[PDB]
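Just so it is clear, none of the values below were taken in a lab; they were calculated from the coordinates. Quick reminder, even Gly has a Cβ in these numbers, built from the backbone with ideal geometry, and neighbours come from all protein chains shown.
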4 protein chains.
Amino acid sequence: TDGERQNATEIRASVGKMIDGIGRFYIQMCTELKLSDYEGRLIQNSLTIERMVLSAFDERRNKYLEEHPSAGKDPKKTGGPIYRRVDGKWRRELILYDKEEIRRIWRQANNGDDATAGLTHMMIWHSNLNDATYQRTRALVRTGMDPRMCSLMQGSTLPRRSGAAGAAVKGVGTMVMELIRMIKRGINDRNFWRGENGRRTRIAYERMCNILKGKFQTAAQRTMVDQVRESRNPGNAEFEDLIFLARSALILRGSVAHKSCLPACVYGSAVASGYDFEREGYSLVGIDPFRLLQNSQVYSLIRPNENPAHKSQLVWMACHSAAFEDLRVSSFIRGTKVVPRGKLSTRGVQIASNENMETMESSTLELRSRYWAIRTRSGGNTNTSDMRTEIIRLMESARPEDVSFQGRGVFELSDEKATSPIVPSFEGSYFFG
Amino acid sequence: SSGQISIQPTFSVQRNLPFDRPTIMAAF
Amino acid sequence: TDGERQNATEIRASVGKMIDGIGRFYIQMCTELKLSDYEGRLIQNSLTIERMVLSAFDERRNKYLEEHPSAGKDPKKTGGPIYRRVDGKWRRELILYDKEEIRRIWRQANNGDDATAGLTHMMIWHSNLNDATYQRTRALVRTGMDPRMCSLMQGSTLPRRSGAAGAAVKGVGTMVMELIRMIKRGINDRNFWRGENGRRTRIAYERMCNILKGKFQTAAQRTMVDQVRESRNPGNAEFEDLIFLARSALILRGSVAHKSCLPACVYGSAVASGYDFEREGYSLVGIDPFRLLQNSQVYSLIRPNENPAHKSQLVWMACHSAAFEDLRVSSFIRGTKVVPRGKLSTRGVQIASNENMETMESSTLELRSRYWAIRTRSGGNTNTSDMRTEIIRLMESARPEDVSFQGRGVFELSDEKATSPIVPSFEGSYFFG
Amino acid sequence: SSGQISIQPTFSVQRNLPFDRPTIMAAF
RNA sequence: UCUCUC
RNA sequence: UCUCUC
RNA sequence: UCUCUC
RNA sequence: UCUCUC
RNA sequence: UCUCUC
RNA sequence: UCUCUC
Ligand SMILES: *[C][C]([O])[C]O[C][C][C][N]C(=O)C1=[C]C(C2=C3[C]=[C]C(=O)[C]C3=OC3=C2[C]=[C]C(=O)[C]3)=C(C([O])=O)[C]=[C]1
Ligand SMILES: *[C][C]([O])[C]O[C][C][C][N]C(=O)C1=[C]C(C2=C3[C]=[C]C(=O)[C]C3=OC3=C2[C]=[C]C(=O)[C]3)=C(C([O])=O)[C]=[C]1
């Protein structure tokens, strides 16, 4: 590092203040919903609260709902399931809040500031949970992409309203999906790329293709994506080139940011415990999330005949965005063997409406890791016919044995300054296999 | 049967980044 | 030259008085820290002293630290490692000084004057050391720039508080990095370039772009940078133009000032030896630094299994800002073959806290050169679509064989007046390759 | 593999200022 | 080649 | 104010 | 492997 | 085209 | 009052 | 009490 330490501390202060805003907003909403400590630590209650906040600030959807009211749902109220424990058993109740009220509470929590960064953080946490839980092979096959490249679908469920953080965290496969959807839309109707809407669509196409270009690593991919962007009315050839680019990302990996976006319950508990994230600072890639997870208790609803350990592992991988990570390193860091998706005896965290909340129980989630490591936004050792041939040569030269991140290991929770790394010595390796 | 074929390295840890080479290169 | 000799002598007197201030400040601080002659000549002790001085006068960081106190570090004290030799072996101790005390000592050394020029000199020495030691390819890739243009990263670690000297010595690549960071910041948040802060940010953008314009050599680059500056809310097109401008600087080199900013230990030894820099004068580009280095002994700490010759070469290149210079001319001037960075068996000069100061030894640094030469602020023989095509034509016309600095050679240490140059006759040529 | 590609002339000495022409011009 | 500077 | 690993 | 996103 | 005039 | 060649 | 076309 260098004199950029001051810049590195201002960013820490800003992210700490956003975490403080999230936590104290959760505290205020828990007080306004009359939830006890146990219910306030429920992951489903936190998910519902977060979804209500995100729905309250959705400008486009709210405007459309206002202009086209839904069936029996007024466009000025939000809500979701609230799980409250009475006489030992759980019970769900649908709550309804005015969206102006939710926006006012959120603004008051952040000292009268909009703070869209906090909303983006909550959305990224939701996207990480969805990526760690569900496979969207249906959207892959519908768009023509191979369902085998599910490892490139990082941040696929993120809405467009996410800012630069959403673009940074979303993977190459999702960018290819968005571009291919635009290609198909232009193929269906030729009035696309033409007129006043043509300008806006071309601008959006330009911008998404530019940031996909910035996402790649090697020069050949970075030039083929530029060739794809240059075509004014792209057709099947550009779609095929994008397919090839996505396929090449499995070996020539692209740089995708990974951040530890925790559920709002953890931040609320930390703020209630007296932690000042504004003073101490925060970092989504450092020890700060791992340390916070170590000292926090979070409860979750367990469906009948389900394993709490599997659900805790799922929630942990969602928290650390380790859905597509190598299983060996995930198990090494966590200290408990991480079971692939096929052998997880658990369904999604969110509980459907058509469920009987009388055979359901709550289990404490073990969000503890034996070691901690720094999350990276980098790929690995990545060292129109001409570009395709060059890329094929590069992929053929690569092997699944080259060692990447040489000299970088895993640290202990006591090693806050990352002084002494532990290089692992190395079973299954794919989660979604 | 389809499934995950590559690995995306979220953690900065000395690794080998596995991928299923015969199936990926079979497409060309 | 001409009647500007008097002006050329006043500048010499002023820089001599700043060198005298630095040296006698170092002498006073050595007396206040109770360091012997051997410890006073240690390069690590000088680095620590210089860092304490620079930290004491940092207005913005001190104000922020005062308003937001750190964890266990009061914002009114500075310090750093002090290496003292006892019973033959070395030993480190963390020293702590009041910042008011350091400012008072600095002002008393410079006859009650602030003398920010001396602080800028110390900062430039630190920046030259950092450039000669470490590669910031990480900041290059993070900002989107190619990590191949590391030769344009001269003066990258310089803080913003450096005056006109910092802007003169910093390279074209660092200016492009600063501009690109501003571009990215404006792209992320559109409230940039708008409001009261918008005025300040536009003013800073204007000024940095103007001095980048002044840094270039050919008219086409000087006009493209002006085109980039004119856009009120610059976006991706301006960022791409800046990338192209930086890439063109590898062939159409820009004028970057090079100065020999020596460590404070050398100036302190010279002041103790009785040299009057105020009377004799000084010049950061002439023989004065080379002559001073010839007569000075400086010691440095050698880690176990390290080569003192490689560390001495690194310190020499840091002193003369020859990090990005052609290796052939550097070896010709020094008289000893200069080994590229990849084959240097040495780590950085600064010793980390998590090091065992009992297997470490001290070695005398050979800061002697067979010849001496005048450092130049010039490029070489450098003789929106239209501007880009013109620049591409200019770069294609250029070859890596054109002889620049025709008739200008290297002088002997006896030739103080540069009467008889020695044109070298010409192996590796890149340090960071 | 990346690395230094140009030379910045700190010293005022008769030189040729090497640079790797094929790699620099390959970008265009 | 991003072990942290969103 | 919906839901679903493949 | 498309239980709905033409 | 800055072989010294920060 | 930190640290690191790529 | 110096010197140099670009
Ligand atoms: C954290 C950090 O590092 C990050 O970095 C990277 C990122 C950058 N940023 C960017 O790129 C951005 C983008 C965006 C977008 C857009 C724009 C414009 C238009 O038109 C369109 C678009 O689209 C999109 C995006 C994002 C995401 C997605 O997905 C899509 C932005 C906005 O939007 O604003 C910003 C930034
Ligand atoms: C030595 C000699 O020769 C030198 O010359 C050249 C230089 C001149 N100067 C200049 O340019 C300057 C600059 C500056 C700056 C600024 C200003 C203003 C605003 O706003 C902003 C800015 O920024 C910057 C700078 C510098 C550097 C950097 O980096 C950035 C100055 C101040 O600041 O003061 C001065 C001078």
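Find the residue count for segment A:380-433, including only residues that are outside any loop (DSSP other than H, G, I, E, B) and either over 26 Å from the mean Cα position of the chain (by Cα) or within 16 Å of RNA strand J (Cβ to nearest atom) (or both).
The first filter runs over segment A:380-433 and keeps only residues outside any loop (DSSP other than H, G, I, E, B), leaving A:385-397, A:404, A:410-412, A:422.
From what is left, the residues that are either over 26 Å from the mean Cα position of the chain (by Cα) or within 16 Å of RNA strand J (Cβ to nearest atom) (or both) are A:385-397, A:422.
Adding up the residues that qualify gives 14.
Restricting to segment C:187-219, name every residue that is outside any helix (DSSP H, G or I), within 16 Å of ligand 1 (Cβ to nearest atom), out of contact with any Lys or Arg (no Cβ under 7 Å at 6 or more places or on another chain) and not basic (K, R). Working first, answer last.
Kept after step one, since they are outside any helix (DSSP H, G or I), are these residues of segment C:187-219: C:189-195, C:216-218.
With within 16 Å of ligand 1 (Cβ to nearest atom) added as a condition, the list becomes C:189-194.
Applying the additional criterion that residues be out of contact with any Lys or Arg (no Cβ under 7 Å at 6 or more places or on another chain) yields C:189-191, C:194.
Selection gives C:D189, C:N191.
It is to be established whether one or more residues within segment C:355-366 are in contact with a helix residue (DSSP H, G or I) (Cβ under 6 Å, 6 or more places away or on another chain) and at the interface with another protein chain (Cβ under 9 Å from one of its Cβ atoms). Steps first, answer last, please.
Of the residues in segment C:355-366, the ones in contact with a helix residue (DSSP H, G or I) (Cβ under 6 Å, 6 or more places away or on another chain) are C:363, C:365-366.
Filter once more, keeping what is at the interface with another protein chain (Cβ under 9 Å from one of its Cβ atoms): none.
Checked against the condition, which is being in contact with a helix residue (DSSP H, G or I) (Cβ under 6 Å, 6 or more places away or on another chain) and at the interface with another protein chain (Cβ under 9 Å from one of its Cβ atoms), segment C:355-366 yields no hits at all.
I need the full set of residues from segment C:393-402 which are at the interface with chain D (Cβ under 10 Å from one of its Cβ atoms) and surrounded by fewer than 17 Cβ atoms within 10 Å (Cβ to Cβ), in order please. Outline the logic, then answer.
Going residue by residue through segment C:393-402, those that are at the interface with chain D (Cβ under 10 Å from one of its Cβ atoms) are C:395-396, C:398-402.
Within segment C:393-402, C:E396, C:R399, C:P400, C:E401, C:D402 meet the criteria.
Go through segment C:299-346 and report how many residues are within 19 Å of the chain's Cα centre (by Cα) and away from every other protein chain (no Cβ under 13 Å).
Selection size over segment C:299-346: 5.
How about segment A:308-333: which of its residues are touching a helix residue (DSSP H, G or I) at 6+ places or on another chain (Cβ under 6 Å), among the small types (G, A, S) and part of a helix (DSSP H, G or I)?
Scanning segment A:308-333 gives a single hit, A:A318.
Scan segment C:135-145 residue by residue and report those that are part of a loop (DSSP other than H, G, I, E, B) and more than 8 Å from every other protein chain (Cβ to nearest Cβ). Explain how you work it out, then say what you get.
As a first pass, look at segment C:135-145 and keep what is part of a loop (DSSP other than H, G, I, E, B): C:135-136, C:143-145.
Residues satisfying the conditions are C:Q135, C:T143, C:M145.
When C:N305 is evaluated against the numbered criteria (1) farther than 21 Å from C:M357 by Cβ; (2) in a loop (DSSP other than H, G, I, E, B); (3) polar (S, T, N, Q), which criterion, by number, is the only one it fails?
That leaves (1) as the condition not met.
Take segment D:5-28 and flag every residue that is over 25 Å from C:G409 (Cβ atoms) and within 7 Å of chain C (Cβ to nearest Cβ).
So the first thing to find is which residues in segment D:5-28 are over 25 Å from C:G409 (Cβ atoms), and the list is D:5, D:20-28.
Listed by number, the residues that qualify are D:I5, D:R21, D:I24, D:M25, D:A27, D:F28.
Which residues, taken from segment A:18-61, are charged (D, E, K, R) and surrounded by fewer than 22 Cβ atoms within 10 Å (Cβ to Cβ)?
As a first pass, look at segment A:18-61 and keep what is charged (D, E, K, R): A:20, A:24, A:32, A:34, A:37, A:39, A:41, A:50-51, A:58-61.
Result: A:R24, A:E32, A:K34, A:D37, A:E39, A:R51, A:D58, A:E59, A:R60, A:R61.
Any residue that is more than 20 Å from A:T384 (Cβ to Cβ), away from RNA strand G (no atom under 16 Å from the Cβ) and surrounded by fewer than 14 Cβ atoms within 10 Å (Cβ to Cβ) - is there at least one of those in segment A:204-217?
Checked against the condition, which is being more than 20 Å from A:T384 (Cβ to Cβ), away from RNA strand G (no atom under 16 Å from the Cβ) and surrounded by fewer than 14 Cβ atoms within 10 Å (Cβ to Cβ), segment A:204-217 yields at least one hit.
Output the number of residues of segment A:218-228 satisfying the condition of being surrounded by fewer than 19 Cβ atoms within 10 Å (Cβ to Cβ), within 28 Å of the chain's Cα centre (by Cα) and more than 16 Å from RNA strand E (Cβ to nearest atom).
1
Tell me the residue from A:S151, A:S127 that is away from RNA strand H (no atom under 16 Å from the Cβ), in a loop (DSSP other than H, G, I, E, B), under 18 Å from the mean Cα position of the chain (by Cα) and crowded, with 16+ Cβ neighbours inside 10 Å, please.
Values: A:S127 fails: in a loop (DSSP other than H, G, I, E, B).
A:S151 is the lone residue from the list that is away from RNA strand H (no atom under 16 Å from the Cβ), in a loop (DSSP other than H, G, I, E, B), under 18 Å from the mean Cα position of the chain (by Cα) and crowded, with 16+ Cβ neighbours inside 10 Å.
What is the number of the single condition among (1) among the basic types (K, R); (2) surrounded by fewer than 20 Cβ atoms within 10 Å (Cβ to Cβ); (3) not in a loop (DSSP other than H, G, I, E, B) that C:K337 does not meet?
The one condition C:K337 does not meet is (3).
Out of the residues in segment C:50-75 meeting the condition of being assigned to a helix (DSSP H, G or I) and touching a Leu at 6+ places or on another chain (Cβ under 8 Å), tell me which one is farthest from the other protein chains (Cβ to nearest Cβ). Spell out the reasoning first.
Let us first name the residues in segment C:50-75 that are assigned to a helix (DSSP H, G or I), namely C:50-56, C:59-67.
Among the residues that remain, those that are also touching a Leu at 6+ places or on another chain (Cβ under 8 Å) are: C:53-54.
Working: C:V53: 15, C:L54: 9 Å.
Result: C:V53.
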